[PDB]
There are 4 protein chains.
Amino acid sequence: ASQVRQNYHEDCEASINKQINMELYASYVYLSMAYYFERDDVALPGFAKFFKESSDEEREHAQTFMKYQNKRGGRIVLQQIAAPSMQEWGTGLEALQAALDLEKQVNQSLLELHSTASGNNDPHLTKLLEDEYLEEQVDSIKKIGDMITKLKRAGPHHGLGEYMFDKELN
Amino acid sequence: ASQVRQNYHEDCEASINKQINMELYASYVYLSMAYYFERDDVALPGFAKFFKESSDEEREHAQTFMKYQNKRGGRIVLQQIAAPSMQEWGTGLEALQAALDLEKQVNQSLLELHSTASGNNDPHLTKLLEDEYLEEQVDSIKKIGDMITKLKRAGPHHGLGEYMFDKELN
Amino acid sequence: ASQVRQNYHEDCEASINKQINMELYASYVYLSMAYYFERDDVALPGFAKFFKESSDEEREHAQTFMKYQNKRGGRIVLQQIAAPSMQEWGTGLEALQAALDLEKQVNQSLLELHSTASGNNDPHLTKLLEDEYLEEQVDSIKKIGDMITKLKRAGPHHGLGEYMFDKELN
Amino acid sequence: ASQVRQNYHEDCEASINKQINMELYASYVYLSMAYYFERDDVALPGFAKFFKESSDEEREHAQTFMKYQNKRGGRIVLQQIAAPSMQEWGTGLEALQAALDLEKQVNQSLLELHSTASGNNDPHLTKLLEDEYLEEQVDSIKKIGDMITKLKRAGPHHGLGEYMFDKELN
Ligand SMILES: [Fe+3]
Ligand SMILES: [Fe+3]
Ligand SMILES: [Fe+3]
Ligand SMILES: [Fe+3]
Ligand code: NI
Ligand code: NI
Ligand code: NI
Ligand code: NI
Ligand code: NI
Ligand code: NI
Ligand code: NI
Ligand code: NI
Ligand code: NI
Ligand code: NI
Ligand code: NI
Ligand code: NI
């Protein structure tokens, strides 16, 4: 095996490869939302910018797992990236609710990754998960939650409130 | 003929003269909208500014065709500029819809100009049309489309949404 | 159809959607090469940096087609992104040769896109292809060709020449 | 006992004292390598600088455990520091391989320290180990691994490749 590998279980390595694929998939989903909101019949540039940045951050999150895999001596295995579940995301609120559900799904997978690492007594991997992923995931979920509440207050249906709330995101 | 003229067909020269007149006409239309929106009983300074700038840009577009005509050795022939189709433009949305229809009419004429130039094997004229007119025309049409959608979302009828959307244009 | 759509054929729109998928696939391939070259048993940081940048540029190329699709009033349809053909890329030379073949495949598709646009008399689309894709594609192919030749000169097999050439890329 | 001591097990305190000795020993080993590479018949100033810095970092690592011991109310007990296993380290590659083996031995001891702290339910000590030692240890092992691979590529035996690779370390 790798000259650097030490205390790195095959199950953790395999789970990192699946989390890489999931981060790339979330990046793709946010990319699809971003350019949905730049359609001439949607035209929500604040939502577009918010999801474009989220798309870039998830691709960075995938790359941090790829660097991690190499750092521990595991071998990266990239699978196909599934098409986003939708091609059209509805209103801003429906896209935010879809993003909320996605971030909670990613969070669930990360907590299962932490349980795998903890079960295999890998403190270096539990540290990565707590410092770089679990922390940022809980903050994202809180922020999307706040946004859903603010948009429901302003008026979530294709109206003045959605137009005003979209400026807060620009 | 002109000492500079070379590979410049009489039909292209004649079509440039008609496109000059159409650019000047569009400039006049936008000028009329601009000062319609500064009427004391309309008072939409953002729409006024948007259409004033569009008026200046179309006059520049006409001048670029006049410089082009002289550059190829054609002779500029300016006709009368017709009165704008309307003296009153309604709401912001109706003016935007009228501008959308006008920009698509100008775009149609430009594509017919490109077909004339292509039929006469004039690559220099097709380059001008692609670089200076077709590109900017498609971006304008997209921008007006976005604006129509945003104004429909904010509330297109003489109300708070039109007042708020008008500030985005200031 | 879209309020902005004009002179935009369904075949061009469909071909743009397939080119989007191909740009995303090339981005994924370069991402895989980039982190292959950061494996502790490869350790070619110059190749890693070169392919990481190429990965980012291809994702930008995909986004420019997505903006274009929206600008013309077409509708983006993103398919699944296939796994890279390889998980391990061999030497620097073999990765460069694989990138060369990939860039020529992308170039072939772009020229077929240009023929589709030209057949449908879409000068705006032929302009995009010439200005943003065909130009950059020919320069990339030339640059990779130069690099292959330089690496063959320095010594393409896992030796001092590959180590020295890798510093030129850092 | 100490006025500050709280939730600090005698076994953790004793294990910190042994890890202090091991950090000091590694510092001594790197010091020996550093001045081996400044011998007039070795003259590898890049390797010399790399090992001198590694020697300083390990002495800092020992001091951080000494500050930690005092912070928890444990009592520092310093033993004798053993002579380095070798007085002559061979080539750069052999010294790097010896450093790799040493860093993995230190890493093993640190993970056993983490198990001791975890068994005694000391979250403050597990945090220190993850944040200040396990993280840096895995990065060092990866870096030495990369260097071994790069030096094997450049030519690990007393030749041009070792001379060139040594400049990368300067
Ligand atoms: Fe993520
Ligand atoms: Fe114009
Ligand atoms: Fe590309
Ligand atoms: Fe240390
Ligand atoms: Ni996030
Ligand atoms: Ni609704
Ligand atoms: Ni509505
Ligand atoms: Ni315009
Ligand atoms: Ni009305
Ligand atoms: Ni009203
Ligand atoms: Ni390229
Ligand atoms: Ni070979
Ligand atoms: Ni070799
Ligand atoms: Ni170190
Ligand atoms: Ni030897
Ligand atoms: Ni020798």
# chains A, B, ... in the order shown; residues from 1 in each chain; ligands from 1

$ interface_residues --of "chain C" --to "chain A" --cutoff "6 Å" --atoms "only C-alpha atoms" --output "ChimeraX atom specification"
/C:39,70,79-83

$ write_last_selection --atoms "N, CA, C and O atoms" --output "PDB file, in the first residue's frame"
ATOM      1  N   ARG C  39      -1.261  12.656  -5.962  1.00  0.00           N
ATOM      2  CA  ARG C  39      -0.996  11.423  -5.230  1.00  0.00           C
ATOM      3  C   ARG C  39       0.444  11.402  -4.731  1.00  0.00           C
ATOM      4  O   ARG C  39       1.360  11.886  -5.400  1.00  0.00           O
ATOM      5  N   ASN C  70     -29.559  30.820 -22.366  1.00  0.00           N
ATOM      6  CA  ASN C  70     -30.571  31.699 -21.777  1.00  0.00           C
ATOM      7  C   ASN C  70     -30.714  32.996 -22.564  1.00  0.00           C
ATOM      8  O   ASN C  70     -31.824  33.526 -22.697  1.00  0.00           O
ATOM      9  N   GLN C  79     -27.494  16.854 -18.637  1.00  0.00           N
ATOM     10  CA  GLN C  79     -27.616  15.428 -18.460  1.00  0.00           C
ATOM     11  C   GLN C  79     -26.625  15.010 -17.397  1.00  0.00           C
ATOM     12  O   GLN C  79     -25.960  15.835 -16.761  1.00  0.00           O
ATOM     13  N   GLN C  80     -26.563  13.711 -17.161  1.00  0.00           N
ATOM     14  CA  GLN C  80     -25.564  13.209 -16.245  1.00  0.00           C
ATOM     15  C   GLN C  80     -24.180  13.388 -16.853  1.00  0.00           C
ATOM     16  O   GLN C  80     -24.011  13.420 -18.073  1.00  0.00           O
ATOM     17  N   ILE C  81     -23.189  13.566 -15.987  1.00  0.00           N
ATOM     18  CA  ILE C  81     -21.806  13.731 -16.409  1.00  0.00           C
ATOM     19  C   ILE C  81     -21.114  12.399 -16.209  1.00  0.00           C
ATOM     20  O   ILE C  81     -21.045  11.891 -15.082  1.00  0.00           O
ATOM     21  N   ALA C  82     -20.600  11.839 -17.297  1.00  0.00           N
ATOM     22  CA  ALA C  82     -20.011  10.514 -17.240  1.00  0.00           C
ATOM     23  C   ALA C  82     -18.734  10.536 -16.421  1.00  0.00           C
ATOM     24  O   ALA C  82     -18.029  11.545 -16.358  1.00  0.00           O
ATOM     25  N   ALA C  83     -18.446   9.403 -15.787  1.00  0.00           N
ATOM     26  CA  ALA C  83     -17.170   9.227 -15.120  1.00  0.00           C
ATOM     27  C   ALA C  83     -16.039   9.401 -16.129  1.00  0.00           C
ATOM     28  O   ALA C  83     -16.184   9.050 -17.300  1.00  0.00           O
TER      29      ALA C  83
END

$ residues_near_ligand --ligand "ligand 7" --cutoff "6 Å" --atoms "only C-alpha atoms and all ligand atoms" --output "ChimeraX atom specification"
/A:157-159

$ write_last_selection --atoms "C-alpha atoms" --output "PDB file, in the first residue's frame"
ATOM      1  CA  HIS A 157     -45.310  33.917  -4.293  1.00  0.00           C
ATOM      2  CA  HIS A 158     -44.177  35.505  -7.589  1.00  0.00           C
ATOM      3  CA  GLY A 159     -44.803  39.057  -6.333  1.00  0.00           C
TER       4      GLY A 159
END

$ residues_near_ligand --ligand "ligand 1" --cutoff "6 Å" --atoms "only C-alpha atoms and all ligand atoms" --output "list in words"
residues 23, 58 and 61 of chain A

$ residues_around --residues "residue A:105" --least-positions-apart "2" --cutoff "12 Å" --atoms "only C-alpha atoms" --output "PyMOL selection string"
chain A and resi 19+22-23+25-26+98-103+107-112+137-138+141

$ write_last_selection --atoms "N, CA and C atoms" --output "tab-separated table (two decimals), in the first residue's frame"
chain	number	residue	atom	x	y	z
A	19	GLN	N	-18.68	10.43	-0.66
A	19	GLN	CA	-19.00	11.80	-0.30
A	19	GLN	C	-18.49	12.79	-1.35
A	22	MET	N	-21.13	12.99	-3.87
A	22	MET	CA	-22.29	13.74	-3.41
A	22	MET	C	-22.03	15.24	-3.39
A	23	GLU	N	-20.81	15.66	-3.03
A	23	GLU	CA	-20.49	17.08	-3.09
A	23	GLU	C	-20.55	17.58	-4.53
A	25	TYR	N	-22.34	16.30	-6.89
A	25	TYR	CA	-23.74	16.33	-7.30
A	25	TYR	C	-24.43	17.59	-6.78
A	26	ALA	N	-24.21	17.95	-5.51
A	26	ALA	CA	-24.80	19.18	-4.97
A	26	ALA	C	-24.31	20.40	-5.74
A	98	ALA	N	-35.88	23.23	-1.66
A	98	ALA	CA	-35.14	22.12	-2.25
A	98	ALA	C	-33.68	22.13	-1.79
A	99	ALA	N	-33.08	23.32	-1.69
A	99	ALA	CA	-31.71	23.41	-1.19
A	99	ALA	C	-31.64	23.00	0.28
A	100	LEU	N	-32.61	23.44	1.09
A	100	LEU	CA	-32.67	23.01	2.49
A	100	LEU	C	-32.68	21.48	2.61
A	101	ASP	N	-33.57	20.83	1.87
A	101	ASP	CA	-33.64	19.37	1.91
A	101	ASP	C	-32.32	18.75	1.46
A	102	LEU	N	-31.70	19.31	0.42
A	102	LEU	CA	-30.42	18.79	-0.05
A	102	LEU	C	-29.32	18.94	1.01
A	103	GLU	N	-29.23	20.12	1.64
A	103	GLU	CA	-28.20	20.32	2.66
A	103	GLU	C	-28.41	19.42	3.86
A	107	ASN	N	-25.82	16.67	5.13
A	107	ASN	CA	-25.46	16.65	6.54
A	107	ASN	C	-25.62	15.25	7.13
A	108	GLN	N	-26.72	14.57	6.79
A	108	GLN	CA	-26.93	13.19	7.24
A	108	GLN	C	-25.79	12.28	6.80
A	109	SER	N	-25.39	12.39	5.54
A	109	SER	CA	-24.30	11.57	5.05
A	109	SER	C	-23.00	11.89	5.80
A	110	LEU	N	-22.78	13.17	6.13
A	110	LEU	CA	-21.55	13.55	6.82
A	110	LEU	C	-21.52	12.98	8.23
A	111	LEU	N	-22.66	13.00	8.91
A	111	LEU	CA	-22.74	12.42	10.25
A	111	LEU	C	-22.56	10.90	10.21
A	112	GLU	N	-23.03	10.25	9.15
A	112	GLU	CA	-22.75	8.82	8.99
A	112	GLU	C	-21.27	8.58	8.70
A	137	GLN	N	-21.82	22.96	7.39
A	137	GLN	CA	-23.13	22.44	7.02
A	137	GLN	C	-24.23	22.99	7.93
A	138	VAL	N	-23.99	23.02	9.25
A	138	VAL	CA	-24.99	23.55	10.18
A	138	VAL	C	-25.22	25.04	9.95
A	141	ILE	N	-27.40	25.41	6.77
A	141	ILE	CA	-28.78	25.02	7.03
A	141	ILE	C	-29.50	26.12	7.79

$ atom_distance --atom1 "atom CA of residue B:140" --atom2 "atom CA of residue A:93"
28.9 Å

$ select_by_dssp --residues "stretch 7-147 of chain C" --states "alpha helix (DSSP H)" --output "ChimeraX atom specification"
/C:10-36,45-72,92-119,123-128,135-147

$ residues_near_ligand --ligand "ligand 12" --cutoff "12 Å" --atoms "only C-alpha atoms and all ligand atoms" --output "PDB file with C-alpha atoms, in the first residue's frame"
ATOM      1  CA  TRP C  89      -3.370   8.681 -16.079  1.00  0.00           C
ATOM      2  CA  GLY C  90       0.123   7.186 -16.226  1.00  0.00           C
ATOM      3  CA  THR C  91       2.978   9.578 -16.858  1.00  0.00           C
ATOM      4  CA  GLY C  92       2.775  13.282 -17.629  1.00  0.00           C
ATOM      5  CA  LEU C  93       3.210  12.476 -21.315  1.00  0.00           C
ATOM      6  CA  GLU C  94       0.306  10.006 -21.358  1.00  0.00           C
ATOM      7  CA  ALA C  95      -1.920  12.532 -19.572  1.00  0.00           C
ATOM      8  CA  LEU C 151       8.466  16.712 -22.655  1.00  0.00           C
ATOM      9  CA  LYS C 152       9.566  14.217 -25.304  1.00  0.00           C
ATOM     10  CA  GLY C 155      12.764  12.803 -21.411  1.00  0.00           C
ATOM     11  CA  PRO C 156       9.164  11.644 -21.181  1.00  0.00           C
ATOM     12  CA  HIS C 157       9.678   8.580 -18.995  1.00  0.00           C
ATOM     13  CA  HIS C 158       9.518   8.800 -15.174  1.00  0.00           C
ATOM     14  CA  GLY C 159      12.950  10.458 -14.919  1.00  0.00           C
ATOM     15  CA  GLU C 162       9.877  14.744 -16.390  1.00  0.00           C
TER      16      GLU C 162
END

$ residues_around --residues "residue A:120" --least-positions-apart "5" --cutoff "10 Å" --atoms "only C-alpha atoms" --output "mmCIF file with N, CA and C atoms, in the first residue's frame"
data_model
loop_
_atom_site.group_PDB
_atom_site.id
_atom_site.type_symbol
_atom_site.label_atom_id
_atom_site.label_comp_id
_atom_site.auth_asym_id
_atom_site.auth_seq_id
_atom_site.Cartn_x
_atom_site.Cartn_y
_atom_site.Cartn_z
ATOM 1 N N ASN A 7 -3.323 4.013 9.793
ATOM 2 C CA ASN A 7 -4.576 4.102 10.541
ATOM 3 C C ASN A 7 -5.728 4.597 9.669
ATOM 4 N N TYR A 8 -5.727 4.201 8.401
ATOM 5 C CA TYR A 8 -6.748 4.629 7.449
ATOM 6 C C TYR A 8 -7.492 3.394 6.940
ATOM 7 N N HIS A 9 -8.720 3.203 7.416
ATOM 8 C CA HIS A 9 -9.502 2.012 7.106
ATOM 9 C C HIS A 9 -10.123 2.079 5.713
ATOM 10 N N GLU A 10 -10.198 0.919 5.054
ATOM 11 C CA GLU A 10 -10.761 0.825 3.705
ATOM 12 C C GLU A 10 -12.187 1.354 3.641
ATOM 13 N N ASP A 11 -12.942 1.232 4.736
ATOM 14 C CA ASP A 11 -14.322 1.719 4.749
ATOM 15 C C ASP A 11 -14.382 3.243 4.775
ATOM 16 N N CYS A 12 -13.440 3.876 5.470
ATOM 17 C CA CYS A 12 -13.394 5.333 5.482
ATOM 18 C C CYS A 12 -13.010 5.857 4.110
ATOM 19 N N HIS A 114 -18.939 10.447 9.945
ATOM 20 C CA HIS A 114 -18.304 10.631 11.246
ATOM 21 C C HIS A 114 -18.441 9.377 12.096
ATOM 22 N N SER A 115 -19.606 8.719 12.028
ATOM 23 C CA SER A 115 -19.798 7.472 12.764
ATOM 24 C C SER A 115 -18.878 6.376 12.237
ATOM 25 N N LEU A 125 -9.688 11.788 10.860
ATOM 26 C CA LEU A 125 -10.843 11.958 9.980
ATOM 27 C C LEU A 125 -12.014 12.613 10.712
#

$ residues_around --residues "residue B:34" --least-positions-apart "5" --cutoff "9 Å" --atoms "only C-alpha atoms" --output "number ranges by chain"
B: 29, 45, 47-53, 55

$ write_last_selection --atoms "N, CA, C and O atoms" --output "JSON list (two decimals), in the first residue's frame"
[["chain", "number", "residue", "atom", "x", "y", "z"],
["B", 29, "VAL", "N", -37.72, 57.32, -31.16],
["B", 29, "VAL", "CA", -38.74, 56.66, -30.34],
["B", 29, "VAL", "C", -38.33, 56.68, -28.87],
["B", 29, "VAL", "O", -39.12, 57.03, -27.99],
["B", 45, "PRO", "N", -38.51, 58.56, -13.10],
["B", 45, "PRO", "CA", -37.17, 59.01, -13.51],
["B", 45, "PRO", "C", -36.23, 57.88, -13.90],
["B", 45, "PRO", "O", -35.33, 58.09, -14.71],
["B", 47, "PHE", "N", -37.19, 54.98, -15.56],
["B", 47, "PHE", "CA", -37.53, 54.72, -16.96],
["B", 47, "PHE", "C", -37.04, 55.84, -17.86],
["B", 47, "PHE", "O", -36.54, 55.58, -18.96],
["B", 48, "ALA", "N", -37.19, 57.09, -17.43],
["B", 48, "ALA", "CA", -36.71, 58.22, -18.22],
["B", 48, "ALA", "C", -35.22, 58.08, -18.53],
["B", 48, "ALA", "O", -34.79, 58.23, -19.68],
["B", 49, "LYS", "N", -34.42, 57.80, -17.50],
["B", 49, "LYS", "CA", -32.98, 57.64, -17.70],
["B", 49, "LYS", "C", -32.67, 56.45, -18.60],
["B", 49, "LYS", "O", -31.83, 56.54, -19.50],
["B", 50, "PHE", "N", -33.36, 55.32, -18.39],
["B", 50, "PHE", "CA", -33.11, 54.15, -19.23],
["B", 50, "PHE", "C", -33.36, 54.45, -20.70],
["B", 50, "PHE", "O", -32.55, 54.10, -21.56],
["B", 51, "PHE", "N", -34.46, 55.14, -21.01],
["B", 51, "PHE", "CA", -34.78, 55.41, -22.41],
["B", 51, "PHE", "C", -33.94, 56.54, -22.99],
["B", 51, "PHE", "O", -33.68, 56.55, -24.19],
["B", 52, "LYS", "N", -33.50, 57.49, -22.16],
["B", 52, "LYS", "CA", -32.60, 58.52, -22.65],
["B", 52, "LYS", "C", -31.27, 57.90, -23.10],
["B", 52, "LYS", "O", -30.77, 58.19, -24.19],
["B", 53, "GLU", "N", -30.71, 57.02, -22.27],
["B", 53, "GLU", "CA", -29.49, 56.32, -22.66],
["B", 53, "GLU", "C", -29.71, 55.46, -23.90],
["B", 53, "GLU", "O", -28.85, 55.43, -24.79],
["B", 55, "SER", "N", -31.79, 56.05, -26.27],
["B", 55, "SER", "CA", -31.85, 57.01, -27.37],
["B", 55, "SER", "C", -30.45, 57.40, -27.84],
["B", 55, "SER", "O", -30.19, 57.43, -29.04]]

$ decode --residues "stretch 16-40 of chain D" --atoms "N, CA, C and O atoms" --output "PDB file, in the first residue's frame"
ATOM      1  N   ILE D  16       2.231  12.047  28.410  1.00  0.00           N
ATOM      2  CA  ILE D  16       2.725  13.322  27.891  1.00  0.00           C
ATOM      3  C   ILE D  16       4.220  13.455  28.165  1.00  0.00           C
ATOM      4  O   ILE D  16       4.984  13.923  27.315  1.00  0.00           O
ATOM      5  N   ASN D  17       4.656  13.033  29.351  1.00  0.00           N
ATOM      6  CA  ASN D  17       6.084  13.071  29.642  1.00  0.00           C
ATOM      7  C   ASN D  17       6.874  12.180  28.692  1.00  0.00           C
ATOM      8  O   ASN D  17       7.967  12.558  28.251  1.00  0.00           O
ATOM      9  N   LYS D  18       6.338  11.013  28.327  1.00  0.00           N
ATOM     10  CA  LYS D  18       7.081  10.204  27.364  1.00  0.00           C
ATOM     11  C   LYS D  18       7.036  10.799  25.961  1.00  0.00           C
ATOM     12  O   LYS D  18       8.016  10.704  25.220  1.00  0.00           O
ATOM     13  N   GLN D  19       5.937  11.446  25.583  1.00  0.00           N
ATOM     14  CA  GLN D  19       5.895  12.055  24.262  1.00  0.00           C
ATOM     15  C   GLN D  19       6.838  13.248  24.168  1.00  0.00           C
ATOM     16  O   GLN D  19       7.445  13.479  23.116  1.00  0.00           O
ATOM     17  N   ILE D  20       6.987  14.002  25.255  1.00  0.00           N
ATOM     18  CA  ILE D  20       7.990  15.060  25.303  1.00  0.00           C
ATOM     19  C   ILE D  20       9.363  14.506  24.947  1.00  0.00           C
ATOM     20  O   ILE D  20      10.064  15.049  24.084  1.00  0.00           O
ATOM     21  N   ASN D  21       9.758  13.400  25.593  1.00  0.00           N
ATOM     22  CA  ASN D  21      11.063  12.802  25.314  1.00  0.00           C
ATOM     23  C   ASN D  21      11.188  12.384  23.856  1.00  0.00           C
ATOM     24  O   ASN D  21      12.257  12.525  23.248  1.00  0.00           O
ATOM     25  N   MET D  22      10.108  11.867  23.275  1.00  0.00           N
ATOM     26  CA  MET D  22      10.169  11.432  21.885  1.00  0.00           C
ATOM     27  C   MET D  22      10.270  12.609  20.924  1.00  0.00           C
ATOM     28  O   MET D  22      10.936  12.508  19.885  1.00  0.00           O
ATOM     29  N   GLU D  23       9.580  13.717  21.216  1.00  0.00           N
ATOM     30  CA  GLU D  23       9.730  14.900  20.373  1.00  0.00           C
ATOM     31  C   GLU D  23      11.157  15.426  20.437  1.00  0.00           C
ATOM     32  O   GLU D  23      11.737  15.795  19.410  1.00  0.00           O
ATOM     33  N   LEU D  24      11.734  15.471  21.639  1.00  0.00           N
ATOM     34  CA  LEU D  24      13.121  15.911  21.780  1.00  0.00           C
ATOM     35  C   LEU D  24      14.066  14.971  21.049  1.00  0.00           C
ATOM     36  O   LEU D  24      15.041  15.412  20.437  1.00  0.00           O
ATOM     37  N   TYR D  25      13.786  13.667  21.086  1.00  0.00           N
ATOM     38  CA  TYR D  25      14.639  12.728  20.369  1.00  0.00           C
ATOM     39  C   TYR D  25      14.562  12.964  18.858  1.00  0.00           C
ATOM     40  O   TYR D  25      15.592  12.984  18.170  1.00  0.00           O
ATOM     41  N   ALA D  26      13.349  13.149  18.320  1.00  0.00           N
ATOM     42  CA  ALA D  26      13.217  13.436  16.889  1.00  0.00           C
ATOM     43  C   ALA D  26      13.937  14.731  16.515  1.00  0.00           C
ATOM     44  O   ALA D  26      14.597  14.811  15.474  1.00  0.00           O
ATOM     45  N   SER D  27      13.845  15.746  17.369  1.00  0.00           N
ATOM     46  CA  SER D  27      14.582  16.983  17.136  1.00  0.00           C
ATOM     47  C   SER D  27      16.077  16.721  17.020  1.00  0.00           C
ATOM     48  O   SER D  27      16.749  17.268  16.135  1.00  0.00           O
ATOM     49  N   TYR D  28      16.609  15.881  17.912  1.00  0.00           N
ATOM     50  CA  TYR D  28      18.022  15.516  17.900  1.00  0.00           C
ATOM     51  C   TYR D  28      18.394  14.757  16.630  1.00  0.00           C
ATOM     52  O   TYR D  28      19.468  14.973  16.058  1.00  0.00           O
ATOM     53  N   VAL D  29      17.523  13.850  16.182  1.00  0.00           N
ATOM     54  CA  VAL D  29      17.784  13.099  14.960  1.00  0.00           C
ATOM     55  C   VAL D  29      17.893  14.045  13.770  1.00  0.00           C
ATOM     56  O   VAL D  29      18.828  13.957  12.962  1.00  0.00           O
ATOM     57  N   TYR D  30      16.932  14.968  13.643  1.00  0.00           N
ATOM     58  CA  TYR D  30      16.957  15.928  12.538  1.00  0.00           C
ATOM     59  C   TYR D  30      18.150  16.859  12.629  1.00  0.00           C
ATOM     60  O   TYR D  30      18.723  17.231  11.601  1.00  0.00           O
ATOM     61  N   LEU D  31      18.552  17.230  13.842  1.00  0.00           N
ATOM     62  CA  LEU D  31      19.767  18.018  13.991  1.00  0.00           C
ATOM     63  C   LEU D  31      20.974  17.255  13.457  1.00  0.00           C
ATOM     64  O   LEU D  31      21.846  17.836  12.802  1.00  0.00           O
ATOM     65  N   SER D  32      21.035  15.948  13.717  1.00  0.00           N
ATOM     66  CA  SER D  32      22.174  15.163  13.256  1.00  0.00           C
ATOM     67  C   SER D  32      22.190  15.073  11.735  1.00  0.00           C
ATOM     68  O   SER D  32      23.236  15.237  11.097  1.00  0.00           O
ATOM     69  N   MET D  33      21.027  14.834  11.129  1.00  0.00           N
ATOM     70  CA  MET D  33      20.932  14.847   9.675  1.00  0.00           C
ATOM     71  C   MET D  33      21.334  16.201   9.101  1.00  0.00           C
ATOM     72  O   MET D  33      22.009  16.272   8.069  1.00  0.00           O
ATOM     73  N   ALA D  34      20.914  17.283   9.748  1.00  0.00           N
ATOM     74  CA  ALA D  34      21.147  18.611   9.203  1.00  0.00           C
ATOM     75  C   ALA D  34      22.634  18.880   9.034  1.00  0.00           C
ATOM     76  O   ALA D  34      23.067  19.413   8.006  1.00  0.00           O
ATOM     77  N   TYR D  35      23.428  18.534  10.032  1.00  0.00           N
ATOM     78  CA  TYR D  35      24.850  18.808   9.955  1.00  0.00           C
ATOM     79  C   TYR D  35      25.617  17.686   9.279  1.00  0.00           C
ATOM     80  O   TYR D  35      26.760  17.899   8.872  1.00  0.00           O
ATOM     81  N   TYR D  36      25.000  16.517   9.109  1.00  0.00           N
ATOM     82  CA  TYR D  36      25.555  15.534   8.185  1.00  0.00           C
ATOM     83  C   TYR D  36      25.566  16.077   6.765  1.00  0.00           C
ATOM     84  O   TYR D  36      26.565  15.951   6.047  1.00  0.00           O
ATOM     85  N   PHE D  37      24.479  16.724   6.350  1.00  0.00           N
ATOM     86  CA  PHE D  37      24.402  17.237   4.989  1.00  0.00           C
ATOM     87  C   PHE D  37      25.226  18.501   4.758  1.00  0.00           C
ATOM     88  O   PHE D  37      25.313  18.955   3.614  1.00  0.00           O
ATOM     89  N   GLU D  38      25.871  19.045   5.783  1.00  0.00           N
ATOM     90  CA  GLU D  38      26.823  20.141   5.620  1.00  0.00           C
ATOM     91  C   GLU D  38      28.277  19.679   5.681  1.00  0.00           C
ATOM     92  O   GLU D  38      29.185  20.517   5.620  1.00  0.00           O
ATOM     93  N   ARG D  39      28.517  18.382   5.855  1.00  0.00           N
ATOM     94  CA  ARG D  39      29.859  17.837   5.681  1.00  0.00           C
ATOM     95  C   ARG D  39      30.400  18.193   4.302  1.00  0.00           C
ATOM     96  O   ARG D  39      29.661  18.236   3.315  1.00  0.00           O
ATOM     97  N   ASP D  40      31.702  18.460   4.236  1.00  0.00           N
ATOM     98  CA  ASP D  40      32.308  18.854   2.969  1.00  0.00           C
ATOM     99  C   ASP D  40      32.241  17.754   1.914  1.00  0.00           C
ATOM    100  O   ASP D  40      32.373  18.060   0.726  1.00  0.00           O
TER     101      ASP D  40
END
